[PDB]
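Structural features, examined
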Amino acid sequence: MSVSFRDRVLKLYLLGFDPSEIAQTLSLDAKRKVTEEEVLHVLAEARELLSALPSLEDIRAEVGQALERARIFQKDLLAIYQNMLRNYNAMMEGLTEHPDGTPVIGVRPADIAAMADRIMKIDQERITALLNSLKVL
Amino acid sequence: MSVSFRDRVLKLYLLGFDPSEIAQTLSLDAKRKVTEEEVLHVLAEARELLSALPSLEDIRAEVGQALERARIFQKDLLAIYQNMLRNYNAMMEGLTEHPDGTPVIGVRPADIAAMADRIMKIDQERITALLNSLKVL
Amino acid sequence: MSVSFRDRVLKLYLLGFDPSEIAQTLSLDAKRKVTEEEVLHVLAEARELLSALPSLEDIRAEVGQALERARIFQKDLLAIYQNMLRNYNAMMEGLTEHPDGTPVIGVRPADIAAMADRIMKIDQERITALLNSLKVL
Amino acid sequence: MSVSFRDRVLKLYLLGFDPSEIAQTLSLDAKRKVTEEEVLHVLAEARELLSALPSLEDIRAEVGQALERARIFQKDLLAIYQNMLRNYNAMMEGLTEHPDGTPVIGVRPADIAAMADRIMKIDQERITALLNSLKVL
Amino acid sequence: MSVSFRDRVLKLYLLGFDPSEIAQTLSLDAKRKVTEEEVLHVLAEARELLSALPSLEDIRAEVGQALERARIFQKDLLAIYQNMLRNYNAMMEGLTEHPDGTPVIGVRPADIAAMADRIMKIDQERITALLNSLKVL
Amino acid sequence: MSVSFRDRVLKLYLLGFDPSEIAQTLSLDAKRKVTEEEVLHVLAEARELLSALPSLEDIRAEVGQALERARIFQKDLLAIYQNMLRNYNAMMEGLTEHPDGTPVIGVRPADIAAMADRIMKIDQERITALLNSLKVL
Amino acid sequence: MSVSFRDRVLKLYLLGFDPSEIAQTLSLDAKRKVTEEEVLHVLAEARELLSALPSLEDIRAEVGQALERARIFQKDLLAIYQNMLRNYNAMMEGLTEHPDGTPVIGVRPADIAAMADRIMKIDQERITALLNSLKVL
Amino acid sequence: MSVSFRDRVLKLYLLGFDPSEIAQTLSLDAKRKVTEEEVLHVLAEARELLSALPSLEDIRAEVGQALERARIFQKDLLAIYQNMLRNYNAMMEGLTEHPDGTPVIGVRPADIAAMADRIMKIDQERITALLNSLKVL
Amino acid sequence: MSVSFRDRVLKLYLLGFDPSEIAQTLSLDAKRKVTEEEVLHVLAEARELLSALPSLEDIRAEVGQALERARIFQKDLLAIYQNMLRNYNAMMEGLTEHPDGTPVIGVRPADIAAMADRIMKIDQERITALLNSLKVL
């Protein structure tokens, strides 16, 4: 009723189950039975936990993490963009397969422009959010 | 006429039934019959319940819950994004199936960029709403 | 000419019937005949009923009801989202049917991101409208 | 030349007929013939009728009627939404027909989210327009 | 060179004919020939007619007529909307034809929501334009 | 080198021909040959003609003509809209042909709403531009 | 190294060739060879030519030319619009060919509304840009 | 626990693994086992690393790099645009293959206008971001 | 380690290779081997090169070049627009081929309006950017 129960009742409530069903699914989890009031006590308890206010350094944690979310995605998209631009040249020469024998998938030229715009969008998002971190905080 | 009746008459009204039909569907629910005035008394009664004003800590409850709605969805989408990026590499190599024998589903490169944008949208929504929670409240 | 007539003449007028046709459809409803002036008197009468101004607590009634419209819809969409995310995992494993024998319907990964965005849109609408209820009223 | 003629000449002009054709179509309506100047006199006459200014209570008439237009449409869409959500559950179970024998029509989950957004759009339109009625008027 | 010539030369010019072709098409209309200078004199003459400024009551004429354009269109769309909502119920019951024997045309539920939004758009346009007529004029 | 040459060199330049090609196409037009400097002198000459500033009554000429462009187009679209709404009723009754024997072309109900919106857009453009003509000028 | 070389090196650079390739393509153009420094000297030279500032009458040249670009395009589109509206009437009558024997191409009514909107967009662009020419300059 | 471990635990956490799974995947990486507290200590440690604030010269690093991201992409798109405009001319002449024997791929004229707009979008992004670098910094 | 190495390490880094792979690809380029610290020294060195600030005349260089990018593209699109408008007239007459024997490609009338809008967009971009060059600089 401390860690893996207070987490589970909160997570199962936010996916839209009434506290009757939250009890019945957890009635067979570990215990013999879980009463509805046992569920409903935790939901009101965890409500006030979530009702707290952040700190100024607490906000700096996500803005640190959100920009690092971006850099992981740019390592993925630039790997795609190079490997998509590979298929555009090999399609143009008429090669049905790459020299590695791997198949050549068709890529339109307006599709490469889409992935170019996605990358520079992310790179522009770093500059804007980092500047607001300096400005607001 | 206290809990499972006042809830039901309100929920059935907001789905757009006239109080005649709300009576007739609940005429066979528990009682022998439910009069229309018995229904219409509750709807005017629960109208003033809903007409109340929130509190400042009451608003902090949803903003706590709305950001926690986000974190449950990011645990889902990042699980998709990894398992979608798995299918992109295995399609490129020409593997009809994964080494686990599971089939390989085709994924366009502009589709991965869509799921990348959905995730960083949610992550940006946490920063904006949490800052307004500090600013307004 | 009190309840089920003044309602009917107003509702039939706003669906775009001239008062001649409003008379003729209601000429065979209950009475032997309904004159056009009998119809047109009620429309001018109910015009001034609708021309009234609301009260400040009257506006609080809909804002109470509009947010409760949202919570009924989130109970529906989250039930879909869980049962749509069920079909995505079972499609990935290659199961043509669920272990319950029910068929597996194909779900694209960009479709799950659509239902994720609809839910958090509604949840953000509660925060904005409830805050304006505190601010304006 | 009083009621059913001044209405007809105005309505036929605004559908884009020159006053020659307005005469000729009404030349065979009731009279032996209708001269063009007989038509053109009425159009200049009814021009100044339409050129009048509204009153403040006159504007309150439509704002009363426009919100009542909304409530008639919500009685229709919520009837659709329930009867569309019926088809989604019965499609999921694999029932080709309903237990009433009626056919089951396919509904995508992103389509239910469309009708959910249409309803709460209308409900939000009531709050905005009613508040402006209190604010401006 | 007064009415049906000054109108024709202006209308034919604004559809993008050079004054040579305006002459030649009207060279065979009524006269033996029409010189280019005869055309070009009228175009410069009617230019200054169009170059005039409106009056304040002149603007009130169109705003009267523009709102009456709306009411003619709402009489059409509401006639469609009722007769489209007829086909939705009869499609749902499985009736290939109406009880009148007329065929049943398929209507998607998101299509009814489109016509609902068009109507309330027009009704909202009356309130905005009529209020500006009171405000500006 | 006065009228039909200074017009032609300007029009052919703005369609993107270098002055070499402007010379060569006009080298065979009338003269034996046209030198490049003969072309390039006119382009610099007509450059300063276009570089002039308008007058206040000069701007009133187009605003007169632009609104008259609108009225010609509304005479066309309203002729379409009536003749499109003819095909919608005759399709609904099941008539493969009109009583004139002309074929019946299929019209969706959302298409009629498109032409309704185009017309009232144009009618709203007259009110806005005419008011700015009174306001600015 | 004066006219047809300084133009060519600038035009070939802005299409994205490194100065090595600009040399090699022009190595076989006229001369025996063109060194890279011969290319790179011109690019730095023409850089400062482009780095100059305009004059106030210089800006009036393009605004003169940009509006004249519009009038050439309206002579084209109005020629299309008349010849597209020809095909709409002849399709409606059922004529597979025109009386000239030319084929009849199918035109939807929403397509004519597109070309109507393009023309009045251009005509509105003349009024806005010409007024700014009076206002700014 | 210094470089290739603190990087890996952070990168694997931001892809949405709970610290139990981060331990188990790295339990077989190098060590015999990695405890959950060993993982969770690093995540709280690296949280404060990311929680730091940037410097003013630190922001100048990305704005330098973001504009250099643009120039690499323009070297790619201009190479496409020339080699796409090659296929448009050769398609127009009717050449199924290029004179090099390479196949001719079909290009619509509205597609070339898309790549033209992408390039000048990027070129306009350099001017805006570089000016803000002068303005803000 | 001066020109073709500092350029290559920077360009290969911005395409998203870790400095290990930047070393290994350049380990076989010219030298026997390239250490990772040899790579990582240059990346930190070139970081401060990119971290510099522009000059006011430096910004005038791109704005000169960006407008000249436009004029090269208008020479291309106007060449397309004339040669697309050629195919529209020849399709209308029914000519399967041009008098030159070249094939006639089908062009919709709404497609010509697209290329008309692209050109006047570019021409409007010259006026706006050149005016800001006078205004800001």
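The paragraphs below set out a description of the structure included in this document. (Residues numbered from 1 in each chain as written, not as in the entry; some residues may be left out. Chains lettered and ligands numbered in written order. Heavy atoms only, no water.)

1. Focus on the overall build of chain A
Selection criterion: Helix and strand labels come from DSSP, where a helix needs a run of H or I of at least four residues and a strand needs a run of E of at least two; each type is numbered from the N terminus. Throughout, the radius of gyration refers to the C-alpha atoms, and the reference size of a globule is 2.2 Å times the residue count to the power 0.38. For each residue, the accessible area found with a 1.4 Å probe, counting protein chains only, is set against the maximum for its type, and the residue is called buried under 20%, exposed over 50%, and partly exposed in between. When checking whether two residues touch, look at their non-hydrogen atoms; a contact exists if any pair is within 4.5 Å. For the accessible areas, the method is Shrake-Rupley and the probe is 1.4 Å, while residue cover comes only from the protein chains on display.
Along the backbone of chain A there are five helices and zero strands. In chain A, the succession of α and β elements from N to C terminus is α-α-α-α-α. The globule rule puts the C-alpha radius of gyration for 137 residues at 14 Å, and the 25 Å found for chain A is more than 25% above it. Seen along its three principal axes, the alpha-carbon backbone of chain A occupies a region of about 70 × 45 × 20 Å. Each of the 137 residues in chain A was classed as buried or not, and the buried ones make up 45%. Within chain A, counting contacts between residues at least 6 apart in sequence, those at least 24 apart form 51% of the total. With an accessible surface of roughly 7,500 Å², chain A has 51% of that area assigned to carbon and sulfur atoms.

2. Observations concerning the environment of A66 of chain E
Assignment of secondary structure puts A66 of chain E in helix α4 (residues 56–93). On the accessibility criterion, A66 of chain E (15% relative accessible area) is buried. Spatially, the C-alpha atom of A66 of chain E lies 9.1 Å from that of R126 of chain E, the residues being 60 residues apart in sequence. Apart from the residues within four sequence positions on either side, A66 of chain E is in contact with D123 and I127 of chain F.

3. Remarks on the interface of chain F and chain G
To keep it simple, the criterion reads: By convention, the term buried area covers the 1.4 Å-probe accessible surface removed from two parts as they join, with the contributions of both added. The term salt bridge refers to a side-chain nitrogen of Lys or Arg lying within 4 Å of a carboxyl oxygen of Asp or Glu. Amino acids are sorted into nonpolar (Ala, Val, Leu, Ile, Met, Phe, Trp, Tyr, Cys and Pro), charged (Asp, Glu, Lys and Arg) and polar (every other residue, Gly among them).
Between chain F and chain G, the contact holds 31 residues from the first and 33 residues from the second. Of all residues in chain F, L14, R69 and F73 of chain F bury the most surface against chain G, accounting for 20% of the area lost on that side. The tally of links from chain F across to chain G stands at two salt bridges. One salt bridge connects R69 of chain F with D123 of chain G, and the closest N-O pair in it is separated by 3.2 Å. Of all the elements in the fold, those that place two or more residues in the side of chain F that touches chain G are α1 (6–14), α3 (36–50), α4 (56–93) and α5 (109–136) of chain F. Considering only residue class, the side of chain F that touches chain G consists of 19 nonpolar, four polar and eight charged.

4. Considerations on the relation of the copies chain F and chain G
Here is the rule we go by: Their C-alpha atoms serve as the basis on which the copies are superposed by least squares.
When chain F is fitted to chain G, the residual RMSD is 0.0 Å, and the transformation amounts to a turn of 40 degrees plus an axial shift of 0.0 Å. Here only 10% of the interface residues in chain F have copies in chain G that are interface residues too; the copies meet through unlike faces.

5. Description of the interface of chain A and chain H
Contacts between chain A and chain H engage 34 residues on the former and 32 residues on the latter. Both faces combined, the contact of chain A with chain H buries some 3,000 Å², and carbon together with sulfur accounts for 69% of it. The largest contributions to the chain A side of the interface with chain H come from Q65, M92 and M120 of chain A, which together make up 17% of the buried area. Joining chain A to chain H, the criterion identifies two salt bridges.

6. Observations concerning the relation of the copies chain A and chain H
Least-squares fitting of chain A to chain H yields an RMSD of 0.0 Å, with the superposition described by an axial translation of 0.2 Å and a rotation of 40 degrees. When the interface residues of chain A are mapped onto chain H, a mere 9% of them again fall at the interface, so the copies present different faces.

7. Re the environment of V39 of chain H
Residue and element names in this part refer to chain H. As for its placement among the helices and strands, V39 is situated in helix α3 (residues 36–50). In this structure, the C-alpha to C-alpha distance between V39 and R8, residues 31 residues apart in sequence, is 10 Å. Excluding residues that lie within four positions of it along the chain, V39 makes contacts with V9, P19, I22, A23 and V34.

8. Some points on the side chain of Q74 of chain H
Selection rule: Each polar contact in these results corresponds to two N or O atoms within 3.5 Å; when the atoms are within protein, one needs to be able to donate a hydrogen and the other to accept it, and residues that are neighboring in sequence are counted only if both atoms are side-chain atoms.
Structurally, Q74 of chain H can be placed in helix α4 (residues 56–93). Reaching out from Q74 of chain H, the side chain makes a polar contact with the side chain of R69 of chain I at a distance of 3.5 Å. When neighbours within four sequence positions are excluded, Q74 of chain H is seen to be in contact with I119, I122, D123 and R126 of chain H together with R69 of chain I.

9. Some points on the packing of aromatic side chains
Here is the rule: Only rings of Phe, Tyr and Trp enter the pairing, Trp through its six-membered ring, and a pair is recorded when the two centres are within 6.5 Å. The plane angle decides the type: under 30 degrees is stacked, over 60 is edge-to-face, the rest tilted.
Applying the stated criterion across every chain yields a total of nine aromatic pairs over all chains. Note on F73 of chain A and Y81 of chain B: the rings are 5.1 Å apart at their centroids and 70 degrees apart in plane angle, and the pair reads as edge-to-face. Separated into two different chains, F73 of chain A in helix α4 (residues 56–93) and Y81 of chain B in helix α4 (residues 56–93) make up a pair that spans both. For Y81 of chain B, a relative accessible area of 0% puts it in the buried group.

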